[PDB]
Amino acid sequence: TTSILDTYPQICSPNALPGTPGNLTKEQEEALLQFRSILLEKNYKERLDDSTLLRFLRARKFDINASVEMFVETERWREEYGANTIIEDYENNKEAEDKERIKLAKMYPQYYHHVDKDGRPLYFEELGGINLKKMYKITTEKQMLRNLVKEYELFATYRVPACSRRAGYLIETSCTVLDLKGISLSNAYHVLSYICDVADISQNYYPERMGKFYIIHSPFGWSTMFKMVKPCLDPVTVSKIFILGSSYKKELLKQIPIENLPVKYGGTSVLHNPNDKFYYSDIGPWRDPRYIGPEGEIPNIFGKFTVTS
């Protein structure tokens, strides 16, 4: 076929939220057809699939005019910023890129690790080890945004097809755990511009990619800092963010299989080599040959240090 979308499910579970592929109303089906017809008339050719277009439509409550405007601006940004070649450009410089990513990994753990009960990629970030002075020595704010965009492209390219083949339904979103244990509120206020730039790119160019977003171990007074963040967040974004209390492990176990959840977050999941570190790891359906398709296997984001079991 040479059409990757033909090799994994393009309809979501019937238990998914409204407006999702396979779960549309008659009016929403007609909106999708009218939306695609407009983009085709404007000579767009790429990213016109049901999943992509319904993400944009859900983000705009199926307002077709607003959705076209959003899609048109996204395509412009992708071209101007280089999102369309980010993976290729990465691979053509993989050595240096890998080296820098490794430097940040212990300080700012970012790792996918199996899936939630619906098959979404299970994603973790730990923020309490960040030292700003040291971080500003290894990276720039624009570089971190580039890394975020690159991961958005890797998510769609490798993680969605593999997770969807395993779930037997289309997977569009992440189950994300943000661990704030040990952060300084001072640091948190100093990085407000980065958080809002992240929300900007997320909301404007990768609509409807959030699924579950849990914040755990937030310190006393964190509610005050979050009030600085909310004006950067759209209503739907805020709706997917769940700030967990001291019973966070039980909330996590409502959504995540115990065997997929790390021991320190309330499950039984361990690495195959107990000395390996989660911040060098990338474990999930996209590492299983059963579930990798014609897209190929994902590149190793930590080079030789990448831990895949």
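Heads up: residue numbers just count along the shown sequence, starting at 1.
J.: Quick one: say whether 46 to 54 or 272 to 280 has the higher mean Cα B-factor in the deposited entry.
T.: Going by the record's values, the stretch with the higher mean is 272 to 280.
J.: Going by the mean C-alpha B-factor recorded in the entry, which is higher: 235 to 243 or 115 to 123?
T.: The stretch with the larger mean CA B-factor is 235 to 243.
J.: Between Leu170, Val149, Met210, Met135, let me know which has the highest C-alpha B-factor in the entry?
T.: Across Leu170, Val149, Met210, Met135, the entry lists the biggest C-alpha B-factor for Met135.
J.: Whose C-alpha has the highest temperature factor in the PDB entry: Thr74, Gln203, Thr224, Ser164?
T.: Result of the comparison over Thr74, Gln203, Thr224, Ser164: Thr224.
J.: Ranked by Cα temperature factor within the chain, is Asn15 in the lowest third, the middle third or the highest third?
T.: Highest third.
J.: If you rank every modelled residue in this chain by C-alpha B factor, which third holds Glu27: lowest, middle or highest?
T.: For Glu27, the deposited C-alpha B-factor lands in the highest third.
J.: Hey, what third does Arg159 fall into on Cα B-factor, ranked over its chain?
T.: As the PDB entry reports it, the C-alpha B-factor of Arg159 lands in the lowest third of its chain.
J.: By the recorded C-alpha temperature factor, relative to the other modelled residues in its chain, which third is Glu141 in?
T.: Its C-alpha B-factor belongs to the lowest third of this chain's values.
J.: Pull the Cα B-factor of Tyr81 out of the PDB entry and bin it into the chain's lowest, middle or highest third.
T.: Middle third.
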